[PDB]
């Protein structure tokens, strides 16, 4: 379970998971691993979420939150997406080739276009704007 600042508050909603995702590659071992997800605005998988592709500007524009409470595509096709929270930067990795418990420079570098603000070692975000 990824830590987050209780004082800041959390807003989360369930979303259907994109079936075409190799969701199993988006765990870490015993340790928590947060990642960003984007929503498909239109098309056949509209309203389904998938791991944000930082190299695709439309994926970046449609980020909807972070997966902070794990996932289990085989047990449930819905995933809890946190749209607003403050999350320590060490827990967010956007890729399989990204060490756990280490801030991801790809995310930190893309924070402006991701609408992330880093304050006191946390990403602050609210994808309801």
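Residue numbers count along the first chain shown, from 1.
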- Query: Which is higher on average in the deposited entry, the C-alpha temperature factors of 57 to 65 or of 96 to 104?
  - Reply: 96 to 104
- Between 47 to 55 and 81 to 89 (mean CA B-factor, as deposited), the higher: 47 to 55
- Message: Using only the C-alpha B-factors in the record, can you name which of 116, 13, 10, 21 has the highest?
- Response: 21
- State the tercile, meaning the lowest, middle or highest third, of residue 28 with respect to the CA B-factors recorded for its chain. highest
- Item | Record-listed C-alpha B factor of residue 75: chain third | highest
- Ranked by Cα temperature factor within the chain, is residue 6 in the lowest third, the middle third or the highest third? middle
